[PDB]
$ cat entry02.txt   # compact mmCIF, C-alpha atoms
# COMPACT_ATOMS: atom_id res chain seq x y z
CA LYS A 1 66.35 78.76 103.08
CA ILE A 2 66.96 76.18 105.80
CA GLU A 3 65.35 72.77 105.36
CA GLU A 4 65.06 69.65 107.51
CA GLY A 5 67.96 67.34 106.68
CA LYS A 6 69.85 70.16 104.99
CA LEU A 7 72.55 72.77 105.60
CA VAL A 8 73.55 75.86 103.62
CA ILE A 9 76.95 77.55 103.70
CA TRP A 10 78.24 80.70 101.99
CA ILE A 11 81.96 81.01 101.29
CA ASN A 12 84.09 83.28 99.13
CA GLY A 13 83.57 82.00 95.60
CA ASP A 14 87.05 83.03 94.51
CA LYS A 15 88.38 79.90 96.09
CA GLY A 16 85.62 78.84 98.45
CA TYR A 17 83.55 76.16 96.79
CA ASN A 18 85.77 73.21 96.01
CA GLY A 19 87.05 72.20 99.43
CA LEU A 20 83.92 73.09 101.38
CA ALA A 21 81.67 71.20 98.97
CA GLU A 22 83.77 68.03 99.04
CA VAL A 23 83.75 68.18 102.84
CA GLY A 24 80.01 68.78 102.77
CA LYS A 25 79.72 65.72 100.53
CA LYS A 26 81.60 63.64 103.10
CA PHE A 27 79.23 64.78 105.84
CA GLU A 28 76.31 64.38 103.44
CA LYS A 29 77.50 60.83 102.78
CA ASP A 30 77.64 59.94 106.48
CA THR A 31 74.39 61.52 107.66
CA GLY A 32 72.53 61.95 104.39
CA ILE A 33 72.32 65.68 105.05
CA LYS A 34 72.00 67.68 101.83
CA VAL A 35 74.74 70.31 101.66
CA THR A 36 74.53 73.51 99.63
CA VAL A 37 77.45 75.87 99.04
CA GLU A 38 76.81 79.26 97.44
CA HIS A 39 79.02 82.20 96.51
CA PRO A 40 78.67 85.20 98.85
CA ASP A 41 78.21 88.35 96.79
CA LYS A 42 74.91 89.21 98.46
CA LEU A 43 75.82 88.38 102.03
CA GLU A 44 76.51 91.92 103.22
CA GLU A 45 72.96 92.91 102.30
CA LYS A 46 71.36 89.62 103.35
CA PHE A 47 73.07 89.61 106.73
CA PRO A 48 70.50 91.74 108.60
CA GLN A 49 67.55 90.50 106.56
CA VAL A 50 67.93 86.74 106.91
CA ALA A 51 68.17 87.16 110.68
CA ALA A 52 65.03 89.31 110.66
CA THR A 53 63.28 86.61 108.63
CA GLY A 54 64.25 83.93 111.12
CA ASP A 55 65.77 81.83 108.35
CA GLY A 56 68.66 82.44 106.03
CA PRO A 57 72.10 80.80 105.75
CA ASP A 58 73.40 78.34 108.35
CA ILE A 59 77.11 79.14 108.22
CA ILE A 60 79.03 82.29 107.31
CA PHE A 61 82.63 82.43 106.10
CA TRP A 62 85.35 84.53 107.74
CA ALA A 63 86.52 87.82 106.24
CA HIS A 64 89.27 89.82 107.89
CA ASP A 65 87.86 91.61 110.92
CA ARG A 66 84.29 91.62 109.66
CA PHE A 67 83.53 88.25 111.25
CA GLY A 68 83.66 90.03 114.60
CA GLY A 69 81.01 92.40 113.31
CA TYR A 70 79.06 89.29 112.36
CA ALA A 71 79.29 88.16 115.99
CA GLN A 72 77.96 91.54 117.10
CA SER A 73 75.26 91.17 114.44
CA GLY A 74 74.24 87.93 116.12
CA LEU A 75 74.97 85.94 112.97
CA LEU A 76 76.54 83.19 115.08
CA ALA A 77 75.48 81.23 118.16
CA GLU A 78 77.56 80.52 121.26
CA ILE A 79 79.87 77.58 120.56
CA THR A 80 81.32 75.02 122.97
CA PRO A 81 85.13 74.69 123.02
CA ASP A 82 86.72 71.27 122.51
CA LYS A 83 89.63 70.78 124.90
CA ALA A 84 91.00 67.84 122.91
CA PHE A 85 91.03 70.01 119.79
CA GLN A 86 92.68 72.87 121.67
CA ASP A 87 95.76 70.70 122.20
CA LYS A 88 95.57 69.52 118.59
CA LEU A 89 95.44 73.13 117.40
CA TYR A 90 97.09 76.34 118.61
CA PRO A 91 96.25 78.52 121.64
CA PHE A 92 96.85 81.89 119.99
CA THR A 93 94.33 81.08 117.26
CA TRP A 94 91.48 80.79 119.75
CA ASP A 95 91.56 84.46 120.76
CA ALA A 96 90.69 85.38 117.17
CA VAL A 97 87.64 83.11 117.25
CA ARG A 98 86.44 84.20 120.69
CA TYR A 99 84.40 87.31 121.47
CA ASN A 100 83.21 88.67 124.82
CA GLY A 101 84.77 85.63 126.46
CA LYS A 102 82.65 83.26 124.40
CA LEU A 103 83.60 80.99 121.50
CA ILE A 104 82.14 82.26 118.23
CA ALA A 105 84.14 80.19 115.74
CA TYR A 106 86.70 77.43 115.23
CA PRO A 107 90.26 78.14 114.05
CA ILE A 108 90.90 76.26 110.81
CA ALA A 109 93.79 78.12 109.21
CA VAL A 110 96.41 80.75 110.05
CA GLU A 111 97.51 83.68 107.89
CA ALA A 112 100.49 85.89 108.73
CA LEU A 113 102.90 88.14 106.84
CA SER A 114 106.40 86.88 106.02
CA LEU A 115 109.52 88.11 104.23
CA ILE A 116 109.91 86.74 100.71
CA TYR A 117 113.37 87.20 99.24
CA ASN A 118 115.52 86.21 96.27
CA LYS A 119 118.31 83.91 97.43
CA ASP A 120 120.40 84.91 94.41
CA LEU A 121 120.33 88.62 95.27
CA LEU A 122 120.23 88.37 99.07
CA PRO A 123 121.43 85.10 100.65
CA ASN A 124 120.88 86.58 104.11
CA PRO A 125 117.92 88.86 104.95
CA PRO A 126 117.98 91.46 107.76
CA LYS A 127 117.34 90.38 111.35
CA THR A 128 115.90 93.72 112.43
CA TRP A 129 114.06 96.75 111.06
CA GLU A 130 117.10 98.96 111.62
CA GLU A 131 119.18 96.90 109.19
CA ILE A 132 116.72 97.25 106.32
CA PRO A 133 117.33 100.89 105.32
CA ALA A 134 121.09 100.38 105.35
CA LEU A 135 120.57 97.12 103.48
CA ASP A 136 118.20 98.90 101.10
CA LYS A 137 120.72 101.61 100.24
CA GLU A 138 123.22 98.94 99.18
CA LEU A 139 120.77 97.11 96.92
CA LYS A 140 119.25 100.43 95.91
CA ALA A 141 122.52 100.77 94.01
CA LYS A 142 121.43 97.76 91.97
CA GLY A 143 117.91 99.07 91.39
CA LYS A 144 116.36 96.81 94.01
CA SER A 145 114.14 97.57 96.99
CA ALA A 146 114.42 95.85 100.37
CA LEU A 147 110.83 96.36 101.50
CA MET A 148 107.57 96.42 99.54
CA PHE A 149 104.40 98.42 100.09
CA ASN A 150 101.78 100.31 98.09
CA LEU A 151 99.89 102.19 100.81
CA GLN A 152 96.63 101.16 99.16
CA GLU A 153 95.59 99.49 102.41
CA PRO A 154 96.57 100.03 106.07
CA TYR A 155 97.39 96.32 106.19
CA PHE A 156 100.65 97.26 104.47
CA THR A 157 101.59 99.93 107.00
CA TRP A 158 100.74 98.03 110.16
CA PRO A 159 103.95 95.95 110.21
CA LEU A 160 105.92 99.20 110.42
CA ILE A 161 103.60 101.20 112.67
CA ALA A 162 102.82 98.61 115.34
CA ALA A 163 106.36 97.26 115.31
CA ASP A 164 107.56 99.80 117.87
CA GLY A 165 104.84 99.02 120.39
CA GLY A 166 101.62 99.94 118.63
CA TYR A 167 98.39 97.95 118.84
CA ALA A 168 94.73 98.16 117.86
CA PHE A 169 93.11 97.46 121.22
CA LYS A 170 94.39 96.55 124.69
CA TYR A 171 93.37 93.15 126.08
CA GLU A 172 93.24 92.51 129.82
CA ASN A 173 91.46 89.94 131.98
CA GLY A 174 90.09 88.20 128.91
CA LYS A 175 88.44 91.42 127.77
CA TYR A 176 89.26 94.21 125.32
CA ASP A 177 89.17 97.85 126.42
CA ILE A 178 87.58 99.95 123.68
CA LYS A 179 88.91 103.02 125.48
CA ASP A 180 92.51 101.83 125.31
CA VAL A 181 94.04 101.97 121.83
CA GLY A 182 97.68 101.71 120.84
CA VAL A 183 97.10 103.74 117.69
CA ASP A 184 97.59 107.13 119.34
CA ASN A 185 100.63 105.69 121.11
CA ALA A 186 104.20 106.99 120.99
CA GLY A 187 105.22 103.71 119.39
CA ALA A 188 102.85 104.31 116.48
CA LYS A 189 104.63 107.58 115.73
CA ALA A 190 107.97 105.79 115.38
CA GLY A 191 106.57 103.15 113.05
CA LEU A 192 104.96 105.69 110.73
CA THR A 193 108.18 107.71 110.78
CA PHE A 194 109.94 104.61 109.44
CA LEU A 195 107.45 104.52 106.56
CA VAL A 196 108.14 108.16 105.72
CA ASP A 197 111.91 107.64 105.76
CA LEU A 198 111.53 104.69 103.39
CA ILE A 199 109.63 106.83 100.89
CA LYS A 200 111.59 110.06 101.30
CA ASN A 201 114.96 108.33 100.95
CA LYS A 202 113.54 106.45 97.97
CA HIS A 203 113.94 103.04 99.60
CA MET A 204 110.43 102.31 98.32
CA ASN A 205 108.08 103.97 95.83
CA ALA A 206 104.89 105.54 97.17
CA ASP A 207 102.93 104.95 93.98
CA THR A 208 104.19 101.46 93.13
CA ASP A 209 101.52 98.78 93.55
CA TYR A 210 101.82 95.36 95.20
CA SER A 211 101.20 93.66 91.86
CA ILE A 212 103.89 95.78 90.21
CA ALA A 213 106.37 95.21 93.04
CA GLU A 214 105.63 91.49 93.17
CA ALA A 215 106.15 91.33 89.41
CA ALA A 216 109.41 93.22 89.92
CA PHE A 217 110.29 90.64 92.56
CA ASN A 218 109.36 87.80 90.20
CA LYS A 219 111.87 89.17 87.69
CA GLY A 220 114.61 89.88 90.21
CA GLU A 221 114.14 93.63 89.86
CA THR A 222 113.20 93.83 93.53
CA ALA A 223 115.20 91.80 96.04
CA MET A 224 112.58 91.33 98.75
CA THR A 225 108.85 91.73 99.34
CA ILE A 226 106.20 91.17 102.01
CA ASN A 227 103.28 88.76 101.71
CA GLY A 228 101.48 85.93 103.48
CA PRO A 229 101.91 82.15 103.11
CA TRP A 230 99.77 81.96 99.98
CA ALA A 231 102.55 83.26 97.74
CA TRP A 232 99.84 83.95 95.16
CA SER A 233 101.21 87.45 94.58
CA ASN A 234 101.63 87.15 90.81
CA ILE A 235 103.28 83.76 90.37
CA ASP A 236 102.83 80.01 90.79
CA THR A 237 104.97 77.74 92.97
CA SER A 238 108.19 79.48 91.92
CA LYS A 239 111.40 77.45 91.69
CA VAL A 240 114.03 80.11 91.03
CA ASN A 241 115.93 80.27 94.32
CA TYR A 242 113.23 82.24 96.11
CA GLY A 243 112.83 81.81 99.85
CA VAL A 244 110.67 82.84 102.80
CA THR A 245 111.62 83.91 106.32
CA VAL A 246 110.22 85.67 109.38
CA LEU A 247 109.87 89.45 109.70
CA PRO A 248 112.57 91.56 111.40
CA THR A 249 112.42 92.37 115.11
CA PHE A 250 113.74 95.48 116.84
CA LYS A 251 115.30 95.67 120.29
CA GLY A 252 113.26 92.81 121.69
CA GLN A 253 109.95 94.44 120.82
CA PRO A 254 106.58 93.27 119.46
CA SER A 255 107.85 94.00 115.96
CA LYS A 256 106.22 91.04 114.27
CA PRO A 257 103.42 90.54 111.72
CA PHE A 258 99.74 90.38 112.65
CA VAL A 259 97.83 87.10 112.56
CA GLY A 260 94.50 86.33 110.93
CA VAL A 261 92.54 83.17 111.71
CA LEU A 262 90.03 81.44 109.44
CA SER A 263 86.70 81.39 111.25
CA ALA A 264 83.15 80.06 110.88
CA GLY A 265 79.90 81.12 112.52
CA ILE A 266 76.69 79.17 113.01
CA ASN A 267 73.28 80.81 112.66
CA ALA A 268 71.61 81.00 116.07
CA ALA A 269 68.20 81.07 114.39
CA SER A 270 68.92 77.81 112.57
CA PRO A 271 66.69 74.83 113.43
CA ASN A 272 69.68 72.74 112.36
CA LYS A 273 72.21 74.40 114.66
CA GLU A 274 73.20 71.00 116.05
CA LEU A 275 73.85 69.54 112.60
CA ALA A 276 76.07 72.51 111.76
CA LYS A 277 77.87 72.51 115.10
CA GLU A 278 78.84 68.83 115.13
CA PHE A 279 80.18 68.56 111.58
CA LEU A 280 81.99 71.90 111.65
CA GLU A 281 84.51 70.90 114.31
CA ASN A 282 84.79 67.27 113.27
CA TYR A 283 85.36 67.70 109.54
CA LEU A 284 86.57 71.18 108.62
CA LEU A 285 89.57 70.96 110.96
CA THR A 286 90.56 67.38 111.73
CA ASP A 287 93.25 64.87 110.76
CA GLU A 288 90.86 63.23 108.28
CA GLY A 289 88.75 66.26 107.44
CA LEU A 290 91.42 68.91 106.94
CA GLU A 291 93.50 66.52 104.84
CA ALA A 292 90.66 66.16 102.34
CA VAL A 293 89.83 69.86 102.15
CA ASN A 294 93.40 71.09 101.77
CA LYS A 295 93.74 69.08 98.57
CA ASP A 296 92.16 72.01 96.74
CA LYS A 297 94.55 74.56 98.24
CA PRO A 298 98.32 74.69 97.59
CA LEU A 299 99.82 74.73 101.09
CA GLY A 300 96.95 75.24 103.51
CA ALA A 301 98.86 77.03 106.26
CA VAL A 302 96.58 75.39 108.76
CA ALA A 303 95.62 75.77 112.42
CA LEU A 304 95.87 72.00 112.88
CA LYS A 305 99.24 71.22 114.44
CA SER A 306 99.54 67.66 113.16
CA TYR A 307 98.68 68.39 109.52
CA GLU A 308 100.54 71.69 109.78
CA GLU A 309 103.72 69.88 110.80
CA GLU A 310 103.86 67.98 107.50
CA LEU A 311 103.08 70.89 105.17
CA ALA A 312 105.21 73.16 107.37
CA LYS A 313 108.25 71.39 105.91
CA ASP A 314 108.10 73.95 103.10
CA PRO A 315 110.26 77.06 103.60
CA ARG A 316 107.22 79.08 102.53
CA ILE A 317 105.15 77.93 105.50
CA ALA A 318 107.70 77.37 108.24
CA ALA A 319 108.40 81.10 108.61
CA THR A 320 104.68 81.90 108.65
CA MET A 321 104.01 79.26 111.31
CA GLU A 322 106.89 80.52 113.45
CA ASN A 323 105.94 84.20 113.16
CA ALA A 324 102.32 83.25 113.76
CA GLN A 325 103.34 81.86 117.15
CA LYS A 326 105.48 84.95 117.68
CA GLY A 327 103.29 87.45 115.85
CA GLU A 328 100.27 89.36 117.13
CA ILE A 329 96.66 88.21 116.83
CA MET A 330 94.47 90.56 114.80
CA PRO A 331 91.50 91.63 116.96
CA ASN A 332 88.06 90.50 115.82
CA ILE A 333 86.38 93.55 117.34
CA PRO A 334 83.80 95.29 115.11
CA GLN A 335 85.55 98.59 115.82
CA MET A 336 88.44 97.14 113.83
CA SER A 337 86.56 98.35 110.76
CA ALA A 338 86.99 101.87 112.11
CA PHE A 339 90.59 100.99 112.94
CA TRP A 340 91.04 100.16 109.26
CA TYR A 341 89.68 103.54 108.16
CA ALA A 342 91.45 105.29 111.03
CA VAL A 343 94.95 104.17 110.06
CA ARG A 344 94.50 104.45 106.30
CA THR A 345 93.58 108.14 106.49
CA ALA A 346 96.25 108.90 109.08
CA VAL A 347 99.01 107.35 106.97
CA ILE A 348 98.04 109.01 103.70
CA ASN A 349 97.89 112.47 105.26
CA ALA A 350 101.28 111.92 106.88
CA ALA A 351 102.93 110.58 103.73
CA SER A 352 101.40 113.30 101.55
CA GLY A 353 102.52 115.94 104.03
CA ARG A 354 98.92 117.07 104.46
CA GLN A 355 98.87 116.30 108.19
CA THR A 356 101.38 115.66 110.96
CA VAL A 357 101.72 112.24 112.58
CA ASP A 358 100.50 113.13 116.07
CA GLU A 359 97.47 114.97 114.70
CA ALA A 360 96.55 112.21 112.25
CA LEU A 361 96.91 109.56 114.96
CA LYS A 362 94.83 111.76 117.25
CA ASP A 363 92.13 111.65 114.57
CA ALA A 364 92.69 107.91 114.22
CA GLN A 365 91.89 107.09 117.85
CA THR A 366 88.99 109.54 117.75
CA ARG A 367 87.34 107.66 114.88
CA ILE A 368 87.79 104.29 116.60
CA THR A 369 86.24 105.40 119.89
CA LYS A 370 83.53 107.42 118.15
$ encode --input "entry02.txt" --output "structure tokens"
Amino acid sequence: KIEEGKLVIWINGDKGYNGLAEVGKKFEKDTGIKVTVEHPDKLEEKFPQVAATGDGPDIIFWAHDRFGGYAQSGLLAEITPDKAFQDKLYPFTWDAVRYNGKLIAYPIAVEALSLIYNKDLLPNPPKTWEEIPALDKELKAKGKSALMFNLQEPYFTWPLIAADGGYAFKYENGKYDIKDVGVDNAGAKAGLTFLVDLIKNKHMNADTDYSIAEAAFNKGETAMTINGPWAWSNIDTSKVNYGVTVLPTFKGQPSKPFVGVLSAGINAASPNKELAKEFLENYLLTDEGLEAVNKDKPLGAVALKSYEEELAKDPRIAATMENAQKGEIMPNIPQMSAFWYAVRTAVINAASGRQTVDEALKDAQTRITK
């Protein structure tokens, strides 16, 4: 529980502990505040309970969309924006960490999809989505694929579906309209059609997994694949003439990858809300603070412009940073969880031939607004 002179943070154990703890130690060193980092397996169940008990964790780590649900669950207090930091960071990142016009988190790091290709097979990737299928046919002759997906999550499909003018929710006047989706939109039909053509014409395998395809990429069996800046895939800092670039764009359209932003929320019920608030912004994402914490991660791919500039010198990052500024911010709205389910079902039924595109997308928007 929360103690006087203490703060408790829960962050994905997979790689959560090392950086956060060392940063907590720095803040613990300065103020004497005892920091405690734990691994969040229980959080989903604890979330409602700790709030009801007026005392659980102080700070909650960001998921994908779920953090927005956490805001709706009142797991975070209203936060005050730092104008100086805004300049030091990026503008587009702030939308992801704001909800109902209020600041619910700080942007620490930026994740976006990018095209990862073998320079030896393809020295020049496609500039647009139209070029891919023609490009794929040529390298299909060599037993390569141009584009990778496994249709195990809607995350994979979105790049194709939204590319033609699709979108989760409409934003206007600083507010999202729950009644205005771009998932039942004509553009969404075109994007999903692209997916079907890729599978039907055997440009990509419907059953092949991301781990299998990434392994095939690692061996040069597949020319190109899609992943974020982490390049964890199934390999470590590769050296064999692999490269990273931005995703294709079609006829001047919003054809670019979605953007996720690392976020943190501060328990409103916490007696130590001020301790959490001050250190969060001043350590987790600053010139001094971010530098220390990134030491545990490979690249960082960070929301901090200054530190980003230096690490952005890697081909792996530079494309992700560019397409982050040109990509589309992933909504933090709780209904995004329904958007996840809504797309996944719609795509599978379409690809399996069980349901038509317009009908599946009609079901997709129905689920979101229901």
$ closest_atom_pairs --input "entry02.txt" --of "segment 249-318 of chain A" --to "segment 329-344 of chain A" --cutoff "10 Å" --atoms "all atoms listed in the file" --output "Markdown table"
| residue | atom | partner | partner_atom | distance |
| --- | --- | --- | --- | --- |
| A:257 | CA | A:329 | CA | 8.8 |
| A:258 | CA | A:329 | CA | 5.6 |
| A:259 | CA | A:329 | CA | 4.6 |
| A:260 | CA | A:330 | CA | 5.7 |
| A:261 | CA | A:330 | CA | 8.2 |
$ closest_residue --input "entry02.txt" --among "A:346, A:60, A:9, A:147" --to "residue 160 of chain A" --atoms "only C-alpha atoms"
A:147
$ atom_distance --input "entry02.txt" --atom1 "atom CA of residue 292 of chain A" --atom2 "atom CA of residue 42 of chain A"
28.2 Å
$ closest_residue --input "entry02.txt" --among "A:13, A:127, A:265, A:356" --to "residue 277 of chain A" --atoms "only C-alpha atoms"
A:265
$ residues_around --input "entry02.txt" --residues "segment 246-253 of chain A" --least-positions-apart "5" --cutoff "12 Å" --atoms "only C-alpha atoms" --output "PyMOL selection string"
chain A and resi 112-117+124-132+146-147+159-160+162-166+187+190-191+224-229+258+315-328
$ write_last_selection --input "entry02.txt" --atoms "C-alpha atoms" --output "short mmCIF file (atom, residue, chain, number, x, y, z; two decimals), keeping the file's coordinate frame"
data_model
loop_
_atom_site.label_atom_id
_atom_site.label_comp_id
_atom_site.auth_asym_id
_atom_site.auth_seq_id
_atom_site.Cartn_x
_atom_site.Cartn_y
_atom_site.Cartn_z
CA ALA A 112 100.49 85.89 108.73
CA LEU A 113 102.90 88.14 106.84
CA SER A 114 106.40 86.88 106.02
CA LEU A 115 109.52 88.11 104.23
CA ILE A 116 109.91 86.74 100.71
CA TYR A 117 113.37 87.20 99.24
CA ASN A 124 120.88 86.58 104.11
CA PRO A 125 117.92 88.86 104.95
CA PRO A 126 117.98 91.46 107.76
CA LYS A 127 117.34 90.38 111.35
CA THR A 128 115.90 93.72 112.43
CA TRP A 129 114.06 96.75 111.06
CA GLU A 130 117.10 98.96 111.62
CA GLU A 131 119.18 96.90 109.19
CA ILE A 132 116.72 97.25 106.32
CA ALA A 146 114.42 95.85 100.37
CA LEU A 147 110.83 96.36 101.50
CA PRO A 159 103.95 95.95 110.21
CA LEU A 160 105.92 99.20 110.42
CA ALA A 162 102.82 98.61 115.34
CA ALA A 163 106.36 97.26 115.31
CA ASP A 164 107.56 99.80 117.87
CA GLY A 165 104.84 99.02 120.39
CA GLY A 166 101.62 99.94 118.63
CA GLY A 187 105.22 103.71 119.39
CA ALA A 190 107.97 105.79 115.38
CA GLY A 191 106.57 103.15 113.05
CA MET A 224 112.58 91.33 98.75
CA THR A 225 108.85 91.73 99.34
CA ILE A 226 106.20 91.17 102.01
CA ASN A 227 103.28 88.76 101.71
CA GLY A 228 101.48 85.93 103.48
CA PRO A 229 101.91 82.15 103.11
CA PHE A 258 99.74 90.38 112.65
CA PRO A 315 110.26 77.06 103.60
CA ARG A 316 107.22 79.08 102.53
CA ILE A 317 105.15 77.93 105.50
CA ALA A 318 107.70 77.37 108.24
CA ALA A 319 108.40 81.10 108.61
CA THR A 320 104.68 81.90 108.65
CA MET A 321 104.01 79.26 111.31
CA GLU A 322 106.89 80.52 113.45
CA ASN A 323 105.94 84.20 113.16
CA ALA A 324 102.32 83.25 113.76
CA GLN A 325 103.34 81.86 117.15
CA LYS A 326 105.48 84.95 117.68
CA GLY A 327 103.29 87.45 115.85
CA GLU A 328 100.27 89.36 117.13
#
